[PDB]
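Structure file entry_15.pdb with PDB, C-alpha atoms (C1' of nucleotides):
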```pdb
ATOM      1  CA  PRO A 692      39.615  20.650  60.489
ATOM      2  CA  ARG A 693      40.333  24.047  58.933
ATOM      3  CA  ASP A 694      43.995  24.210  59.966
ATOM      4  CA  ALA A 695      44.408  20.533  59.057
ATOM      5  CA  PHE A 696      42.981  21.323  55.611
ATOM      6  CA  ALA A 697      45.398  24.245  55.270
ATOM      7  CA  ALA A 698      48.301  21.964  56.213
ATOM      8  CA  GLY A 699      47.094  19.405  53.676
ATOM      9  CA  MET A 700      46.973  21.981  50.882
ATOM     10  CA  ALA A 701      50.418  23.145  51.992
ATOM     11  CA  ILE A 702      52.130  19.740  51.911
ATOM     12  CA  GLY A 703      50.216  18.392  48.910
ATOM     13  CA  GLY A 704      50.033  21.599  46.895
ATOM     14  CA  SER A 705      46.961  22.820  45.037
ATOM     15  CA  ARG A 706      46.928  20.606  41.902
ATOM     16  CA  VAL A 707      45.635  23.295  39.547
ATOM     17  CA  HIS A 708      45.145  20.687  36.802
ATOM     18  CA  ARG A 709      41.993  19.584  38.665
ATOM     19  CA  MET A 710      40.606  23.135  38.848
ATOM     20  CA  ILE A 711      37.156  23.360  37.239
ATOM     21  CA  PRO A 712      35.341  26.709  36.959
ATOM     22  CA  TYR A 713      31.759  27.079  38.150
ATOM     23  CA  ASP A 714      30.523  27.789  34.641
ATOM     24  CA  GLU A 715      27.025  27.077  33.359
ATOM     25  CA  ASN A 716      28.191  24.038  31.366
ATOM     26  CA  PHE A 717      29.284  22.300  34.568
ATOM     27  CA  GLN A 718      25.900  23.134  36.100
ATOM     28  CA  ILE A 719      24.203  21.444  33.137
ATOM     29  CA  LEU A 720      26.571  18.517  33.708
ATOM     30  CA  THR A 721      25.295  18.180  37.299
ATOM     31  CA  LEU A 722      21.543  17.896  36.645
ATOM     32  CA  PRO A 723      19.504  14.876  37.794
ATOM     33  CA  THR A 724      16.500  13.555  35.881
ATOM     34  CA  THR A 725      13.118  12.151  36.882
ATOM     35  CA  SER A 726      12.329   8.505  37.593
ATOM     36  CA  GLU A 727      10.763   7.845  34.190
ATOM     37  CA  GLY A 728      13.253  10.224  32.579
ATOM     38  CA  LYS A 729      10.851  11.139  29.764
ATOM     39  CA  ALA A 730       8.084  13.721  29.505
ATOM     40  CA  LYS A 731       5.463  14.018  26.777
ATOM     41  CA  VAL A 732       5.119  17.250  24.803
ATOM     42  CA  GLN A 733       1.571  18.624  24.838
ATOM     43  CA  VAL A 734       0.292  21.208  22.372
ATOM     44  CA  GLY A 735       1.095  24.619  23.823
ATOM     45  CA  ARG A 736       1.591  23.217  27.321
ATOM     46  CA  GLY A 737       5.121  21.814  27.012
ATOM     47  CA  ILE A 738       6.590  19.060  29.192
ATOM     48  CA  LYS A 739       5.300  18.364  32.704
ATOM     49  CA  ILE A 740       8.172  17.980  35.179
ATOM     50  CA  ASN A 741       7.401  17.940  38.912
ATOM     51  CA  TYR A 742       3.831  19.256  38.509
ATOM     52  CA  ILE A 743       5.227  22.234  36.547
ATOM     53  CA  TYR A 744       5.010  22.763  32.796
ATOM     54  CA  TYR A 745       8.071  23.847  30.811
ATOM     55  CA  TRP A 746       8.102  25.264  27.292
ATOM     56  CA  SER A 747      10.613  25.874  24.519
ATOM     57  CA  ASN A 748      10.113  27.091  20.964
ATOM     58  CA  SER A 749      11.493  23.815  19.578
ATOM     59  CA  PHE A 750       8.294  22.101  20.760
ATOM     60  CA  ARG A 751       6.291  23.941  18.082
ATOM     61  CA  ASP A 752       7.478  21.481  15.419
ATOM     62  CA  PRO A 753       4.747  19.022  14.351
ATOM     63  CA  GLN A 754       7.172  16.076  14.384
ATOM     64  CA  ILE A 755       8.051  16.456  18.032
ATOM     65  CA  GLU A 756       4.714  17.486  19.144
ATOM     66  CA  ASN A 757       2.856  14.906  21.206
ATOM     67  CA  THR A 758       5.902  12.759  21.929
ATOM     68  CA  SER A 759       8.046  11.804  24.861
ATOM     69  CA  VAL A 760      11.523  13.326  25.210
TER      70      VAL A 760
ATOM     71  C1'  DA B   1      37.437 -48.806  48.704
ATOM     72  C1'  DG B   2      37.469 -44.290  45.589
ATOM     73  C1'  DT B   3      34.857 -41.684  41.972
ATOM     74  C1'  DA B   4      31.237 -40.004  38.808
ATOM     75  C1'  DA B   5      26.297 -40.077  37.813
ATOM     76  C1'  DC B   6      21.499 -40.063  39.640
ATOM     77  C1'  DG B   7      17.945 -38.302  42.739
ATOM     78  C1'  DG B   8      15.709 -36.363  47.200
ATOM     79  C1'  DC B   9      15.504 -31.716  50.490
ATOM     80  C1'  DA B  10      15.141 -27.419  50.579
ATOM     81  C1'  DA B  11      15.838 -22.508  49.861
ATOM     82  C1'  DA B  12      16.077 -19.126  46.166
ATOM     83  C1'  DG B  13      14.222 -17.249  42.238
ATOM     84  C1'  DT B  14      10.509 -16.316  38.954
ATOM     85  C1'  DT B  15       6.250 -14.636  37.241
ATOM     86  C1'  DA B  16       1.842 -13.423  38.488
ATOM     87  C1'  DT B  17      -1.912 -10.864  40.824
ATOM     88  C1'  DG B  18      -4.420  -7.797  43.800
ATOM     89  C1'  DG B  19      -3.260  -3.737  46.761
ATOM     90  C1'  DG B  20      -0.766   1.263  48.181
ATOM     91  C1'  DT B  21       0.918   6.223  46.913
ATOM     92  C1'  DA B  22       2.768   9.754  43.903
ATOM     93  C1'  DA B  23       2.961  12.063  39.617
ATOM     94  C1'  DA B  24       2.350  12.383  34.512
ATOM     95  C1'  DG B  25      -1.899  12.933  31.280
ATOM     96  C1'  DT B  26      -6.932  14.233  29.623
ATOM     97  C1'  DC B  27      -9.996  17.250  28.674
ATOM     98  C1'  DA B  28     -13.933  20.465  29.313
ATOM     99  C1'  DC B  29     -14.829  25.518  30.885
ATOM    100  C1'  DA B  30     -15.142  28.253  26.806
ATOM    101  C1'  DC B  31     -24.271  30.564  25.133
ATOM    102  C1'  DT B  32     -26.588  26.286  23.253
ATOM    103  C1'  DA B  33     -30.017  20.846  21.517
ATOM    104  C1'  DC B  34     -34.231  18.744  22.280
ATOM    105  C1'  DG B  35     -36.996  19.867  17.917
ATOM    106  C1'  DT B  36     -40.019  18.701  13.773
ATOM    107  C1'  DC B  37     -42.696  15.937  10.264
ATOM    108  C1'  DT B  38     -45.626  11.936   9.704
ATOM    109  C1'  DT B  39     -49.210   8.500  10.807
ATOM    110  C1'  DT B  40     -54.212   6.226  11.684
ATOM    111  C1'  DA B  41     -58.350   6.043  14.686
ATOM    112  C1'  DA B  42     -62.073   8.114  17.465
ATOM    113  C1'  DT B  43     -64.678  11.716  18.488
ATOM    114  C1'  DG B  44     -67.324  15.922  18.287
ATOM    115  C1'  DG B  45     -69.352  19.781  16.310
ATOM    116  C1'  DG B  46     -72.660  21.549  12.371
ATOM    117  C1'  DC B  47     -75.788  20.279   8.595
ATOM    118  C1'  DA B  48     -79.304  17.908   6.479
ATOM    119  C1'  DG B  49     -83.274  14.463   5.910
ATOM    120  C1'  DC B  50     -87.289  12.221   8.178
TER     121       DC B  50
END
```
Target encoding structure tokens, full file:
Amino acid sequence: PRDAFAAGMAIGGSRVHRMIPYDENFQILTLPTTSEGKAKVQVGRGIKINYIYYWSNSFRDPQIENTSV
DNA sequence: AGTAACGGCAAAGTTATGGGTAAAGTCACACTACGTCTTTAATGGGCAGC
């Protein structure tokens, strides 16, 4: 397959218009979610995803606290 | 005799209900409740009269 792939890129070119860098934004664009897709924000704890709690400063707001996001 | 409407057969679908696992959600660990005042009735001493 490797030489066939090289021949394919030789005949068909490279098509640089389709080139996408491996930047962090793409990585964010390739992130799956959980089945429910929402997690509730506990006081101090954060959001429980896959048995693991995650925290951000934005959770300290009273209006978001104790809610599902 | 051909065609559209009606109805039976049946499978396909729809909620519903009692099970299973897996994961989000709760909450107690943070020294700590048992404690005190009030109530009537019976009884048991000393104290006094016979």
> Of the candidates B:3, B:26, B:15, B:40, which one gets nearest to chain A if we count all atoms listed in the file?
Replying inline: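 Closest to chain A of all the choices is B:26.
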Return as JSON lines the residues of chain A lying at most 12 Å from chain B, together with the closest atom-to-atom pair for each and the distance in Å to one decimal, counting only C-alpha atoms (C1' of nucleotides), with rows in chain order and ascending residue number.
```
{"residue": "A:725", "atom": "CA", "partner": "B:23", "partner_atom": "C1'", "distance": 10.5}
{"residue": "A:726", "atom": "CA", "partner": "B:23", "partner_atom": "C1'", "distance": 10.2}
{"residue": "A:727", "atom": "CA", "partner": "B:24", "partner_atom": "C1'", "distance": 9.6}
{"residue": "A:728", "atom": "CA", "partner": "B:24", "partner_atom": "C1'", "distance": 11.3}
{"residue": "A:729", "atom": "CA", "partner": "B:24", "partner_atom": "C1'", "distance": 9.8}
{"residue": "A:730", "atom": "CA", "partner": "B:24", "partner_atom": "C1'", "distance": 7.7}
{"residue": "A:731", "atom": "CA", "partner": "B:24", "partner_atom": "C1'", "distance": 8.5}
{"residue": "A:732", "atom": "CA", "partner": "B:25", "partner_atom": "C1'", "distance": 10.5}
{"residue": "A:733", "atom": "CA", "partner": "B:25", "partner_atom": "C1'", "distance": 9.3}
{"residue": "A:736", "atom": "CA", "partner": "B:25", "partner_atom": "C1'", "distance": 11.6}
{"residue": "A:738", "atom": "CA", "partner": "B:24", "partner_atom": "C1'", "distance": 9.5}
{"residue": "A:739", "atom": "CA", "partner": "B:24", "partner_atom": "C1'", "distance": 6.9}
{"residue": "A:740", "atom": "CA", "partner": "B:24", "partner_atom": "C1'", "distance": 8.1}
{"residue": "A:741", "atom": "CA", "partner": "B:23", "partner_atom": "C1'", "distance": 7.4}
{"residue": "A:742", "atom": "CA", "partner": "B:23", "partner_atom": "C1'", "distance": 7.3}
{"residue": "A:743", "atom": "CA", "partner": "B:24", "partner_atom": "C1'", "distance": 10.5}
{"residue": "A:744", "atom": "CA", "partner": "B:24", "partner_atom": "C1'", "distance": 10.9}
{"residue": "A:757", "atom": "CA", "partner": "B:25", "partner_atom": "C1'", "distance": 11.3}
{"residue": "A:759", "atom": "CA", "partner": "B:24", "partner_atom": "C1'", "distance": 11.2}
```
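Taking all atoms listed in the file into account, residue 737 in chain A lies nearest to A:749 out of the set A:749, A:718, A:705, A:724.
For the pair CA of residue 721 in chain A and CA of residue 760 in chain A, the interatomic distance is 19.0 Å.
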>> the PyMOL selection byres ((chain A and resi 751) around 10) - which residues does that actually catch in the file I just gave you? List them as a list in words.
In response: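 Answer for the PyMOL selection byres ((chain A and resi 751) around 10): residues 732, 733, 734, 735, 737, 746, 747, 748, 749, 750, 752, 753, 754, 755 and 756 of chain A.
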Generate the coordinates of N, CA and C atoms for range 707-721 of chain A; report them as a PDB file, in the coordinates of the input.
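rebuild_8.pdb, written as the output of this step:
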```pdb
ATOM      1  N   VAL A 707      46.461  22.419  40.371  1.00  0.00           N
ATOM      2  CA  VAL A 707      45.635  23.295  39.547  1.00  0.00           C
ATOM      3  C   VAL A 707      45.092  22.584  38.313  1.00  0.00           C
ATOM      4  N   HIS A 708      45.666  21.435  37.942  1.00  0.00           N
ATOM      5  CA  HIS A 708      45.145  20.687  36.802  1.00  0.00           C
ATOM      6  C   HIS A 708      43.736  20.167  37.052  1.00  0.00           C
ATOM      7  N   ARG A 709      43.336  20.021  38.313  1.00  0.00           N
ATOM      8  CA  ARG A 709      41.993  19.584  38.665  1.00  0.00           C
ATOM      9  C   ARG A 709      41.025  20.743  38.859  1.00  0.00           C
ATOM     10  N   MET A 710      41.463  21.979  38.626  1.00  0.00           N
ATOM     11  CA  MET A 710      40.606  23.135  38.848  1.00  0.00           C
ATOM     12  C   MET A 710      39.551  23.223  37.751  1.00  0.00           C
ATOM     13  N   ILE A 711      38.285  23.264  38.153  1.00  0.00           N
ATOM     14  CA  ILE A 711      37.156  23.360  37.239  1.00  0.00           C
ATOM     15  C   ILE A 711      36.376  24.617  37.592  1.00  0.00           C
ATOM     16  N   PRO A 712      36.146  25.527  36.651  1.00  0.00           N
ATOM     17  CA  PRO A 712      35.341  26.709  36.959  1.00  0.00           C
ATOM     18  C   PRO A 712      33.882  26.349  37.167  1.00  0.00           C
ATOM     19  N   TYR A 713      33.200  27.191  37.935  1.00  0.00           N
ATOM     20  CA  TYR A 713      31.759  27.079  38.150  1.00  0.00           C
ATOM     21  C   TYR A 713      30.952  27.695  37.015  1.00  0.00           C
ATOM     22  N   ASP A 714      31.237  27.270  35.791  1.00  0.00           N
ATOM     23  CA  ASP A 714      30.523  27.789  34.641  1.00  0.00           C
ATOM     24  C   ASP A 714      29.168  27.099  34.497  1.00  0.00           C
ATOM     25  N   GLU A 715      28.362  27.619  33.569  1.00  0.00           N
ATOM     26  CA  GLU A 715      27.025  27.077  33.359  1.00  0.00           C
ATOM     27  C   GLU A 715      27.074  25.668  32.779  1.00  0.00           C
ATOM     28  N   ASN A 716      28.086  25.367  31.961  1.00  0.00           N
ATOM     29  CA  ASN A 716      28.191  24.038  31.366  1.00  0.00           C
ATOM     30  C   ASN A 716      28.349  22.965  32.435  1.00  0.00           C
ATOM     31  N   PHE A 717      29.169  23.232  33.453  1.00  0.00           N
ATOM     32  CA  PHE A 717      29.284  22.300  34.568  1.00  0.00           C
ATOM     33  C   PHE A 717      27.939  22.118  35.261  1.00  0.00           C
ATOM     34  N   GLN A 718      27.208  23.217  35.460  1.00  0.00           N
ATOM     35  CA  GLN A 718      25.900  23.134  36.100  1.00  0.00           C
ATOM     36  C   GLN A 718      24.951  22.249  35.301  1.00  0.00           C
ATOM     37  N   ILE A 719      24.969  22.368  33.971  1.00  0.00           N
ATOM     38  CA  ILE A 719      24.203  21.444  33.137  1.00  0.00           C
ATOM     39  C   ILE A 719      24.694  20.017  33.335  1.00  0.00           C
ATOM     40  N   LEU A 720      26.006  19.845  33.499  1.00  0.00           N
ATOM     41  CA  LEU A 720      26.571  18.517  33.708  1.00  0.00           C
ATOM     42  C   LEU A 720      26.175  17.916  35.055  1.00  0.00           C
ATOM     43  N   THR A 721      25.680  18.722  35.996  1.00  0.00           N
ATOM     44  CA  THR A 721      25.295  18.180  37.299  1.00  0.00           C
ATOM     45  C   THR A 721      23.788  18.215  37.531  1.00  0.00           C
TER      46      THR A 721
END
```
